[PDB]
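Peer 1: Before we start, here is the structure in question, set down as structure tokens.
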Amino acid sequence: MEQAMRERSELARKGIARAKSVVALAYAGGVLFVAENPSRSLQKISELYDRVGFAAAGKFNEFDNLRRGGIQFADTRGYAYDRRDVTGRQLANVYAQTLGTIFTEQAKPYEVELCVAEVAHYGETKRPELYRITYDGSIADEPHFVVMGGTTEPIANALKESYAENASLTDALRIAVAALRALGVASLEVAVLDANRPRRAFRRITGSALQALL
Amino acid sequence: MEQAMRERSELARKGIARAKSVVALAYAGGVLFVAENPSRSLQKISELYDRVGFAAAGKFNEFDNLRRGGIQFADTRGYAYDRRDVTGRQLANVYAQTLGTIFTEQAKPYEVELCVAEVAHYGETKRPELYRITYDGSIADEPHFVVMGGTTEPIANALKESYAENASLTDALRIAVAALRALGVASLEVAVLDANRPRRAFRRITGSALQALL
Amino acid sequence: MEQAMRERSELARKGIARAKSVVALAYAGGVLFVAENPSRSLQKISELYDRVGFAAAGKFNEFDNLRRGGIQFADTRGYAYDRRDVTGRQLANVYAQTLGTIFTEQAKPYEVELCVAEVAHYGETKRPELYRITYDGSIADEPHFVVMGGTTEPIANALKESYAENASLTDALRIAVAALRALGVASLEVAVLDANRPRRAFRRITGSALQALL
Amino acid sequence: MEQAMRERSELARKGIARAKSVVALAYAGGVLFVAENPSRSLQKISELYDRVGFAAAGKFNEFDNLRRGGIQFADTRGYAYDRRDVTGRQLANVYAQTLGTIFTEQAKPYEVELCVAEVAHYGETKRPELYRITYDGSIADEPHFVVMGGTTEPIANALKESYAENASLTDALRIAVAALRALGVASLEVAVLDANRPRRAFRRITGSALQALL
Amino acid sequence: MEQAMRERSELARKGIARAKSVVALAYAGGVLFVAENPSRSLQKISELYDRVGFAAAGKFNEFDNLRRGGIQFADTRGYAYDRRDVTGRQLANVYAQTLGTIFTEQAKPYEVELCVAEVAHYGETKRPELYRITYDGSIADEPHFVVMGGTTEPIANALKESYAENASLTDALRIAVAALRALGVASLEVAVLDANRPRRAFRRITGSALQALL
Amino acid sequence: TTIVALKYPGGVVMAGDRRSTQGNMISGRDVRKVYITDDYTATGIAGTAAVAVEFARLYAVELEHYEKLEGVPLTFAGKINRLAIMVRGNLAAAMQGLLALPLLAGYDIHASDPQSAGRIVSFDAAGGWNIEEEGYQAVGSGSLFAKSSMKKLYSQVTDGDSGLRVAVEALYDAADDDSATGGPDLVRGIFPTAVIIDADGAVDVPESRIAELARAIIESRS
Amino acid sequence: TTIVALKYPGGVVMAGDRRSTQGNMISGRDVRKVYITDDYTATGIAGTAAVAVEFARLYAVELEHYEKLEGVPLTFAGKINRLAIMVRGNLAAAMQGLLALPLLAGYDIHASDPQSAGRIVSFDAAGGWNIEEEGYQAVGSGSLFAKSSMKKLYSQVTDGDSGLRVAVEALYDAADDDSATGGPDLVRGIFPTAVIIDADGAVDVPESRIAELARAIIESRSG
Amino acid sequence: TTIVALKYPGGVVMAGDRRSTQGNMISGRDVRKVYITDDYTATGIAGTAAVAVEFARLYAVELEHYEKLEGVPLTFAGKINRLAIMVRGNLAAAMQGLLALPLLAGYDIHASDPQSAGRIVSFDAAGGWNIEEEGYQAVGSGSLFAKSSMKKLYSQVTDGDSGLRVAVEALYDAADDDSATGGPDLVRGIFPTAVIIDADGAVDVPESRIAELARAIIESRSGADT
Amino acid sequence: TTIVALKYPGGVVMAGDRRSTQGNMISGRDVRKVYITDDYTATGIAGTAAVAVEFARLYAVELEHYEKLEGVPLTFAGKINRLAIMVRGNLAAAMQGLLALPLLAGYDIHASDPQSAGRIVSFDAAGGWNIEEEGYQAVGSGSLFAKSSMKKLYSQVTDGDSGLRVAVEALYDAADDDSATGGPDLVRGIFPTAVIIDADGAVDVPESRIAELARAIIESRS
């Protein structure tokens, strides 16, 4: 089966490489999500829980399934225990377990790459956390940024070059959009995990407001 | 039949070979776990029960599954009988059985290698026990140390050379780290089963605590 | 499927031939079990019931499964009927049926060889019984001794040459350890079915007691 | 699937041809079973019900399964209806159906050949009945004798030559043992269905009794 | 899958061609069944219901299964509705469906050919009905006679030549036995569905009576 | 309801009345309660109508089902066992008021002595059975009167004819003392039904012969 | 119903009456309540008829079933356990009124001392069992009367013959004081049934011998 | 049975009596009803013995189970929820008479203000829970008497030591008025048990300290103090 | 029934009476209620006979089952838990009247201080357990009388011998005040049974020694 898993890995890798790109960056404000997205209504960035966000690249129906699954998991846990007990690390761990099971047992692997991010609770000091989960369930935490989908090399290099820790929202956005180029309101999906919010940190930046930061 | 088993055996072995390394060493105060681990929150060393610890090399989602399964088993046994009835030999046995089943019946074999360790109960004299369970369910207990993941030969040789029975925590760390080199706080995961603890022997060494030893 | 049966039989045969060896010998005091075993906690010799013992060669997780299954069977029968109704023959028979099923229906054959032995009940005269069950469920009763695991030929002959009926424990032990050579306390697992015991005939011979015998 | 069926037939035929031989002969006093059997405790001839007996050649674990299955069937029928409603024909019929199923569905065919025999009830006149069931579920009733296992040709010829209807027990035994030669108490298993018995017609002939007859 | 179907058909056709022959003939009395059958106790002709009969050629254990299945079906329907609601057409239709399923889904096709026959109820006028169901579930109703098993051509030709509608029992028997030759009481199984029977039309003709008819 | 059975030299006879009641009201006059269940057995059933018919019908099916599967009929012991098991199966329902009890009459073709091969077997609600050894038995609301009558008349039984007469008279006595059991109805021409079983087999007794017996009994007591 | 069992030197004897009642009405006069269940055991059962017959029949099947499967008979302890488990299985039904209790008599071929190898075992509705150590036991509606009689007569038991006599007399006393237990019927010629078990196995006692015993008892009390 | 808990500046204390009764009969004198369930929590349980021990044992297992699986302990809210859910699971049995109610005492390490990080939570048979805001709580046959006593004495609580004294005195008052609650046994030397929890974690209070408190209370009410 | 257990220096003793009753009637005189369940434990059970025997038998099997599977015996705490769980398993049946309660006596080989390594554990119907800290315990219809007796006698216990005497006397007092508990039967020669457990393991006390104790107690009170 050496070739079996070999072929499954190829199929997924190709699908993802063929998809549009997404980046997540840590900034003084919180965490910033920027994705190439032409669609008006189909989303690749999403809230999961109070301080936890989600971004994906690849086949939409597949990462949307995982998005819903994550929300289900997060809401279920917060109710069985408490809201404060749900963490981005817990969600990343469950996505790893899930993709791993999908990768080896599903008829076809999921052609997706996920990012789970978490910011501090209101009034706390805690470095943002970024987790990247790939199609085979491999998982990695990143300190500063995550790039997914399409040809990531140029984008990651551009970030590795221009990325500054604790940049403002505007500077972070510009850095991100530029790295992505390696773009206007109509082709971008933007949102942040705003650590300054009391409970729900996730907020989308759209239309005029998004224009203002460009 | 015979060929298929060989291939599953090849797939698992290669994966284990490709992963980062881990060592466990018996020492005067208990057992020391040292693993190459860049991650801030993803762990390959863990508590299982009062006097029992766990370390793994290989695919994270897979050994994390086994970690959780072990904890489930231990806590259940302890509750159904008594805490003192849970042993490292017992856990090793159950991992052997589990991995054996996984290896022959799962869609893909688990690319993992496990170590289960146990130290004496508080105020008792009992040599630490080290068990190594491989991907096919094969099991063996080592007197002095266990090496898992990546290229083990140089590491095992280095240990076979520098290993002293009943070394201090500091000396054991040096031997361990060095053997691994064949690595700063930021790239190491360290923990011990401290036989001097009253009940829960497992304790992580990180940051400043880790610094004193290095 | 003729080829498939051929391959399974080869897989098991090749697996046991790679394992450490074990002998069981009828002796003046009962049955003696001697196995090459470096491990201190992992066991290949075991009690099954009052007058019935078990020894195995091969893959540990697999023969340990069978060991536990046997104990389950024996304890259940004894409870449903009476203790005196459990016999070595009965257990050997059930292992034969079990391994036969495993050999033809499991994903992989069990790489094991087992010995079931029985001695007389306290104060009775009855020749000890030795049964050997192989990986395909074939079963044979032996009058004097059983050899399992690794390269059995030299051991069997070394035994067929030196074996004396009704030898003392010490003589039996040396005969056995010698036949095996074709080994100190630290590399041997030893136990007997002691017909002189009132109920539970199984007793291990370890440490100082075993040393004085070698 | 024509090839698979051919290989299944070939495997079973070979196994049976490799096994020790057994004969059943109708005689004046009932039916005589004689089998080559070195074992002290493993049996290939057995009681099934009041007037019904069983003999088998081939793989022991497999024909012992069928033995137990038949006894289960007989005892159940007798209890659900009446003892007198259990017949050899009935049992032969159920073995045919069972082996047929096993031959086509099981992972590996049973390497066995069965004989079911029945004698008259006490004080009745009724020719003994002998049924032979082969590995594929084929069934045949024989008037005078049945030969199973190993190389049957010479044995069947010897019988075809020396067989006399209504021979005495001693003459029948000699005829049988001789036909088999084409053996002392220690290598023979002997039993009869004794039509002269009030209810349970099955009785073994062992040790001195058998020795005296030989 | 064209070949697989071809092979299954071939296997069944061969098995049936290798079996002993059976004929069923309509006559003034009702249907007549005559089969080549050496056996004293194994039957290939049977009573299915009050006015319905069953005959089969091929592998005994397989057609006996179908015989029992049909009796189960008939008795159940009769109980569920009314006896008079059970018909030959009904049973033949159920056999077609059953053998169709067996032929495509069983591990091995059934090597059987069935005849279902029905005569008028007492005091009614209704042509007998003969149905022939083959191994693949194909079904055909015949006006005058049915031939199954072995080499049917010569037998069918002989019938096609000497068959007379509304023949007497003795004449029909002779015609049938002769067609079959292309035997004595000891090698024939004979039975008839007797129209001039108030409820159960099936009756066997054996021993002295059969001889008289001959 | 009353159902009687008695052994005579060479066979057995079973007879049953025709009445059904709903409380005090007569709800039926022609109920048939005695069924031939195979060539050598008959079953008479007292109690819940729905259950009684099921028993007789299913039992006869079961007997012939065995015969057709196995090529031979059940032994008599086997026939008893199957009926007992069927009755036990109804225990739960019987405890809810759906209670019916069979009486089994048969001729055992495998018996040593054909003179006494007749069999009568009674059953309780839990599937208990008893092979009657005293020559007669009865079940139903009038069974006590029927048996106290047979106790006095049974000595007159020397053949099938006298056996039948005594059975009909026992039924008559049951109807005389039990309002839930119906006597011969001369106005409507409805009489008890009966089955006789012997070496030849089980056969229905013609109404005309039972009518004649009834008239003789009636004349005798006038 | 009354069933008695007692040990004598070398064996055991068990006897039972023949009566069944439906309330006050006598519903049977020839019921057999004592069954040989294997070569060395007999079971007598009091209570619900349907349950009693099932027990005896199924139990004997189970005993021989084991023997055929395993090549050897159950030990006596095993025989006890299987009967107990079977009784326990009926507990639910027994609580609904389908209650039956076995009395087990046997000869243990594996016993050390053949003089006292006789065994008597009683059972309760939950499957509890007791190996009787006082020499005799009884179950059924007349068991008290039978035991109080044996209490006085047991000293006369020195062999199988006297053992049988005492058993029959205990049954007689039970029938004398309990209307649900039947005494010897001299008019019909129906008597209690009995089984004797010794080293040669379990055998049915001939009616003629029991009849003779009954007549002697009767003559003795006429006086 | 009586179990009391109260908050003092910097922590919380929980104490329970030692008695069990079967009707009027004293069936036990040394029952321990207060269990440390993790580093920062203790559970005291009144009601059916079998159910009480199950709760404490299983709950402690569950807490540590989560910690080992997830690498971090449940938040205090989570610990409350899990206990409540466990209690609700027993509702059916409780309605059959197998009723037991826990009282939960804890120190919330994540609380803003460490002075008031002590927590007391009560539970009803249906899994209802309430975080106590009035400083103290009690459960069991003597809980009314204990609470009416604490109502008067609570103003004297200014530290762990006085908190412990008030808890022991409330138990004393409960035993004084409720025959199903046991007072200090000076003859046998058996006393109520107690746990104190602060920033350094939950610890068992030494019997000797409780004995000393009991003696002072006793002497104070004799007038031997005077 | 009465079953008593008490700790003495170096071990523990358990003793039980021999009586069974069915209402007022004495139904047994030789019932054995105290069983050695492993090398270092004994169980005495009061209540429903069928349940009591099951407990002792199954419990002993379970203990040795664990030892054979795991190579080592359960800790004493584990032995307690398993018994408790087994008792809880019977709760439903116990509520239907099949109630039995075990008393557990043992010697903990892992205990620090061998003088006080004796253990006595009581159990309630729901699986509740209590490790006794006052030195003795009793269960059954006479357990109150036995404990009131031991309360006065326990100070005399200084060794196994005196422990045994106090246990037998407590049983004697139980029998004296409770008709469901049997006293020594000097006519039949039947006495309470006892087990002693110390560092050398659990052993049955010879009948002769118990008989001697009984006679002394009797003479003492005459």
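Simple scheme: letters A, B, ... for chains in structure tokens order, numbers from 1 for residues in each chain, numbers from 1 for ligands in the order shown.
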I'd like a table as CSV: residues in chain B with an atom no more than 12 Å from chain H, each row giving the shortest atom pair and its distance in Å to one decimal, only C-alpha atoms counted, sorted by chain and rising residue number.

Peer 2:
```
residue,atom,partner,partner_atom,distance
B:41,CA,H:71,CA,9.2
B:42,CA,H:71,CA,9.8
B:43,CA,H:71,CA,9.0
B:44,CA,H:71,CA,11.6
B:45,CA,H:71,CA,10.8
B:46,CA,H:68,CA,7.7
B:47,CA,H:68,CA,6.5
B:48,CA,H:68,CA,7.2
B:49,CA,H:68,CA,8.6
B:50,CA,H:64,CA,10.6
B:52,CA,H:68,CA,11.9
B:53,CA,H:68,CA,10.9
B:54,CA,H:68,CA,11.3
B:64,CA,H:69,CA,9.3
B:65,CA,H:69,CA,10.1
B:66,CA,H:69,CA,11.0
B:67,CA,H:69,CA,8.0
B:68,CA,H:69,CA,6.0
B:69,CA,H:69,CA,9.4
B:70,CA,H:69,CA,9.8
B:71,CA,H:69,CA,7.2
B:72,CA,H:65,CA,7.5
B:73,CA,H:65,CA,10.5
B:74,CA,H:65,CA,9.5
B:75,CA,H:61,CA,6.8
B:76,CA,H:61,CA,8.7
B:77,CA,H:61,CA,10.9
B:78,CA,H:61,CA,8.8
B:79,CA,H:58,CA,7.2
B:80,CA,H:58,CA,10.0
B:81,CA,H:57,CA,11.8
B:82,CA,H:57,CA,10.7
B:83,CA,H:61,CA,10.2
B:200,CA,H:64,CA,10.7
B:202,CA,H:68,CA,10.6
B:203,CA,H:71,CA,11.8
B:204,CA,H:71,CA,11.1
```

Peer 1: Could you fit chain F onto chain I by least squares over every C-alpha atom, paired in order, and give me the moved chain as a tab-separated table (two decimals) with C-alpha atoms, in the first residue's frame?

Peer 2:
```tsv
chain	number	residue	atom	x	y	z
F	1	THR	CA	-27.91	-15.98	60.96
F	2	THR	CA	-25.02	-14.24	62.68
F	3	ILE	CA	-21.53	-13.69	61.37
F	4	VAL	CA	-18.85	-11.98	63.43
F	5	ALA	CA	-15.34	-10.75	62.72
F	6	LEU	CA	-12.74	-9.12	64.95
F	7	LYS	CA	-9.15	-7.91	64.78
F	8	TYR	CA	-6.57	-9.22	67.22
F	9	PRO	CA	-2.86	-8.36	67.36
F	10	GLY	CA	-1.35	-9.80	64.18
F	11	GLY	CA	-4.51	-10.91	62.43
F	12	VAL	CA	-8.27	-11.25	62.18
F	13	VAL	CA	-10.86	-13.93	62.96
F	14	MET	CA	-14.28	-14.60	61.44
F	15	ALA	CA	-16.95	-16.99	62.71
F	16	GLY	CA	-20.49	-17.89	61.68
F	17	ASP	CA	-23.38	-19.98	62.94
F	18	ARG	CA	-24.94	-23.01	61.24
F	19	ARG	CA	-28.69	-22.40	61.29
F	20	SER	CA	-31.19	-21.74	58.53
F	21	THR	CA	-34.88	-21.07	59.07
F	22	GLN	CA	-37.96	-20.97	56.91
F	23	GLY	CA	-40.15	-18.68	58.98
F	24	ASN	CA	-40.23	-20.29	62.41
F	25	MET	CA	-39.16	-23.72	61.15
F	26	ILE	CA	-35.57	-24.81	61.49
F	27	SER	CA	-34.61	-25.82	57.95
F	28	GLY	CA	-30.89	-26.46	58.46
F	29	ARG	CA	-28.35	-27.18	61.19
F	30	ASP	CA	-25.04	-27.41	59.36
F	31	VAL	CA	-24.98	-24.48	56.93
F	32	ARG	CA	-21.46	-23.16	56.36
F	33	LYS	CA	-21.45	-19.39	56.01
F	34	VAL	CA	-17.75	-18.53	56.22
F	35	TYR	CA	-15.57	-19.10	53.17
F	36	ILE	CA	-11.88	-18.64	52.54
F	37	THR	CA	-11.93	-16.60	49.32
F	38	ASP	CA	-8.17	-16.33	48.81
F	39	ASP	CA	-4.91	-16.85	50.70
F	40	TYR	CA	-5.53	-13.75	52.82
F	41	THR	CA	-9.29	-13.15	52.87
F	42	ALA	CA	-12.49	-14.74	54.10
F	43	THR	CA	-16.10	-13.86	53.38
F	44	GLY	CA	-19.09	-14.44	55.65
F	45	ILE	CA	-22.52	-13.83	54.18
F	46	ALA	CA	-25.94	-13.31	55.75
F	47	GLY	CA	-29.26	-13.42	53.89
F	48	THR	CA	-30.68	-15.32	50.92
F	49	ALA	CA	-28.87	-18.68	50.65
F	50	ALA	CA	-28.73	-18.81	46.86
F	51	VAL	CA	-27.27	-15.31	46.69
F	52	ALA	CA	-24.78	-15.94	49.49
F	53	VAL	CA	-23.26	-19.01	47.84
F	54	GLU	CA	-23.03	-17.24	44.48
F	55	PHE	CA	-21.21	-14.32	46.10
F	56	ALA	CA	-18.60	-16.45	47.86
F	57	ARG	CA	-18.01	-18.73	44.89
F	58	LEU	CA	-17.91	-16.06	42.19
F	59	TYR	CA	-15.85	-13.70	44.32
F	60	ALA	CA	-13.15	-16.30	44.98
F	61	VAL	CA	-13.09	-17.07	41.26
F	62	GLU	CA	-12.79	-13.36	40.41
F	63	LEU	CA	-9.89	-12.83	42.82
F	64	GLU	CA	-7.86	-15.73	41.42
F	65	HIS	CA	-8.86	-14.80	37.87
F	66	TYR	CA	-7.20	-11.40	38.31
F	67	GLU	CA	-4.12	-13.01	39.85
F	68	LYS	CA	-3.76	-15.45	36.96
F	69	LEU	CA	-4.28	-12.76	34.30
F	70	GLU	CA	-2.07	-10.08	35.84
F	71	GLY	CA	0.51	-12.19	37.63
F	72	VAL	CA	-0.11	-10.46	40.95
F	73	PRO	CA	-3.01	-10.38	43.42
F	74	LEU	CA	-5.33	-7.38	43.76
F	75	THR	CA	-4.44	-4.91	46.48
F	76	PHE	CA	-6.76	-5.13	49.45
F	77	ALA	CA	-8.54	-1.96	48.30
F	78	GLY	CA	-9.12	-3.69	44.96
F	79	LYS	CA	-10.54	-6.77	46.70
F	80	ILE	CA	-12.96	-4.52	48.57
F	81	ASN	CA	-14.00	-2.72	45.41
F	82	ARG	CA	-14.73	-5.93	43.51
F	83	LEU	CA	-16.88	-7.32	46.31
F	84	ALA	CA	-18.76	-4.00	46.56
F	85	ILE	CA	-19.41	-3.94	42.83
F	86	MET	CA	-20.66	-7.54	42.95
F	87	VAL	CA	-23.07	-6.64	45.76
F	88	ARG	CA	-24.33	-3.60	43.89
F	89	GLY	CA	-24.97	-5.83	40.89
F	90	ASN	CA	-27.53	-7.67	43.00
F	91	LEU	CA	-29.39	-4.55	44.14
F	92	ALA	CA	-32.37	-5.06	41.82
F	93	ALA	CA	-32.79	-8.64	42.95
F	94	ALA	CA	-32.25	-7.63	46.56
F	95	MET	CA	-35.15	-5.18	46.28
F	96	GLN	CA	-37.25	-8.17	45.18
F	97	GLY	CA	-36.24	-10.02	48.36
F	98	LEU	CA	-33.09	-11.82	47.22
F	99	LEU	CA	-30.92	-9.87	49.64
F	100	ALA	CA	-27.52	-10.96	50.93
F	101	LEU	CA	-24.80	-8.95	52.68
F	102	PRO	CA	-21.16	-10.01	52.92
F	103	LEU	CA	-18.72	-9.29	55.71
F	104	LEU	CA	-15.09	-9.30	54.58
F	105	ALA	CA	-12.14	-10.20	56.75
F	106	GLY	CA	-8.57	-10.04	55.52
F	107	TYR	CA	-4.89	-9.59	56.23
F	108	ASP	CA	-3.21	-6.89	54.15
F	109	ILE	CA	0.29	-8.15	53.31
F	110	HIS	CA	1.16	-4.68	51.98
F	111	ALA	CA	0.26	-2.90	55.24
F	112	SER	CA	3.03	-1.01	57.04
F	113	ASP	CA	2.35	-2.36	60.54
F	114	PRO	CA	1.81	-6.17	60.62
F	115	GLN	CA	0.29	-5.95	64.11
F	116	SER	CA	-2.70	-4.09	62.66
F	117	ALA	CA	-2.73	-5.48	59.10
F	118	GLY	CA	-6.00	-7.24	59.90
F	119	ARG	CA	-8.96	-5.81	58.01
F	120	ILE	CA	-12.70	-5.97	58.49
F	121	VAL	CA	-15.05	-4.52	55.88
F	122	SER	CA	-18.83	-4.34	55.91
F	123	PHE	CA	-21.18	-3.82	52.96
F	124	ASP	CA	-24.69	-2.48	52.39
F	125	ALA	CA	-27.19	-3.58	49.74
F	126	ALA	CA	-26.27	-0.75	47.34
F	127	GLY	CA	-22.57	-1.64	47.28
F	128	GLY	CA	-21.57	0.77	50.01
F	129	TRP	CA	-18.54	-0.40	51.97
F	130	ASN	CA	-16.89	0.58	55.24
F	131	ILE	CA	-13.49	-0.39	56.56
F	132	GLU	CA	-14.19	-1.02	60.24
F	133	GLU	CA	-12.02	0.98	62.63
F	134	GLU	CA	-13.42	-0.14	66.00
F	135	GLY	CA	-12.01	-3.68	66.03
F	136	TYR	CA	-15.05	-5.86	65.33
F	137	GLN	CA	-18.23	-6.11	63.30
F	138	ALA	CA	-21.19	-8.46	62.74
F	139	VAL	CA	-23.92	-9.04	60.19
F	140	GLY	CA	-27.22	-10.95	60.24
F	141	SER	CA	-30.35	-11.31	62.39
F	142	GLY	CA	-28.26	-11.56	65.58
F	143	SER	CA	-25.59	-8.98	64.77
F	144	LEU	CA	-26.92	-6.48	67.31
F	145	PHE	CA	-26.59	-8.92	70.20
F	146	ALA	CA	-23.24	-10.12	68.88
F	147	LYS	CA	-21.89	-6.57	68.86
F	148	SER	CA	-23.24	-5.58	72.26
F	149	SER	CA	-21.49	-8.68	73.54
F	150	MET	CA	-18.18	-7.91	71.80
F	151	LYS	CA	-18.44	-4.35	73.10
F	152	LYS	CA	-17.99	-5.79	76.58
F	153	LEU	CA	-15.58	-8.64	75.76
F	154	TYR	CA	-13.25	-7.08	73.19
F	155	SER	CA	-10.85	-5.72	75.82
F	156	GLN	CA	-9.92	-9.35	76.58
F	157	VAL	CA	-8.59	-9.87	73.06
F	158	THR	CA	-4.78	-9.99	73.13
F	159	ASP	CA	-3.99	-12.80	70.70
F	160	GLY	CA	-5.55	-15.17	68.16
F	161	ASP	CA	-6.67	-17.58	70.87
F	162	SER	CA	-8.57	-15.00	72.95
F	163	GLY	CA	-9.85	-13.42	69.73
F	164	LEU	CA	-11.33	-16.75	68.72
F	165	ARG	CA	-12.88	-17.21	72.15
F	166	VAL	CA	-14.56	-13.80	72.07
F	167	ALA	CA	-15.86	-14.46	68.56
F	168	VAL	CA	-17.37	-17.78	69.63
F	169	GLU	CA	-18.89	-16.20	72.74
F	170	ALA	CA	-20.38	-13.39	70.67
F	171	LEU	CA	-21.98	-16.03	68.47
F	172	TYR	CA	-23.19	-17.77	71.61
F	173	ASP	CA	-24.82	-14.57	72.85
F	174	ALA	CA	-26.39	-13.99	69.45
F	175	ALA	CA	-27.92	-17.48	69.48
F	176	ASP	CA	-29.10	-16.91	73.06
F	177	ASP	CA	-31.16	-13.85	72.06
F	178	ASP	CA	-31.99	-14.57	68.39
F	179	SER	CA	-33.95	-17.68	67.44
F	180	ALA	CA	-32.69	-17.38	63.84
F	181	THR	CA	-29.12	-17.92	64.98
F	182	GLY	CA	-28.00	-21.37	66.08
F	183	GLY	CA	-26.03	-22.11	69.21
F	184	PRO	CA	-23.53	-24.95	69.71
F	185	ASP	CA	-25.34	-28.29	69.34
F	186	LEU	CA	-23.73	-30.67	71.83
F	187	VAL	CA	-26.14	-33.51	71.06
F	188	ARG	CA	-25.38	-33.56	67.33
F	189	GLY	CA	-21.85	-32.21	67.70
F	190	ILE	CA	-22.30	-29.24	65.38
F	191	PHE	CA	-20.52	-25.97	66.07
F	192	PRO	CA	-19.98	-22.54	64.52
F	193	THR	CA	-17.26	-22.42	61.88
F	194	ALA	CA	-14.32	-20.02	61.96
F	195	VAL	CA	-11.41	-18.79	59.91
F	196	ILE	CA	-8.25	-17.18	61.26
F	197	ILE	CA	-6.11	-14.96	59.05
F	198	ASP	CA	-2.56	-13.78	59.77
F	199	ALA	CA	0.78	-13.22	58.03
F	200	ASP	CA	0.94	-16.94	57.26
F	201	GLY	CA	-2.49	-16.83	55.59
F	202	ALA	CA	-6.13	-17.80	56.01
F	203	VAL	CA	-6.86	-21.14	57.69
F	204	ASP	CA	-9.99	-22.97	58.81
F	205	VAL	CA	-10.25	-23.33	62.58
F	206	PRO	CA	-10.61	-27.00	63.60
F	207	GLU	CA	-14.08	-27.96	64.85
F	208	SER	CA	-12.47	-29.51	67.93
F	209	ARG	CA	-11.09	-26.18	69.14
F	210	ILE	CA	-14.42	-24.42	68.65
F	211	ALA	CA	-16.18	-27.26	70.49
F	212	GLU	CA	-13.80	-26.82	73.39
F	213	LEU	CA	-14.47	-23.07	73.50
F	214	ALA	CA	-18.22	-23.68	73.38
F	215	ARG	CA	-18.05	-26.08	76.29
F	216	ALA	CA	-16.01	-23.63	78.35
F	217	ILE	CA	-18.52	-20.85	77.66
F	218	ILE	CA	-21.41	-23.14	78.58
F	219	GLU	CA	-19.75	-24.39	81.78
F	220	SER	CA	-18.89	-20.79	82.69
F	221	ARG	CA	-22.53	-19.71	82.50
F	222	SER	CA	-23.90	-22.76	84.35
```

Peer 1: Quick one: distance from atom CA of residue 121 of chain B to atom CA of residue 214 of chain B in Å, one decimal?

Peer 2: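 Taking atom CA of residue 121 of chain B and atom CA of residue 214 of chain B, their separation equals 27.4 Å.
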
Peer 1: Tell me, in Å to one decimal, how far atom CA of residue 143 of chain D is from atom CA of residue 115 of chain D.

Peer 2: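 That distance, rounded to one decimal, is 12.7 Å.
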
Peer 1: By how many Å are atom CA of residue 130 of chain G and atom CA of residue 36 of chain G apart?

Peer 2: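 Between atom CA of residue 130 of chain G and atom CA of residue 36 of chain G the gap is 20.0 Å.
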
Peer 1: Do you know which residues are at most 6 Å from segment 140-154 of chain H counting only C-alpha atoms, after dropping those on the same chain fewer than 4 positions away, and could you put them as a PyMOL selection string?

Peer 2: chain H and resi 1-2+46+170+174+178
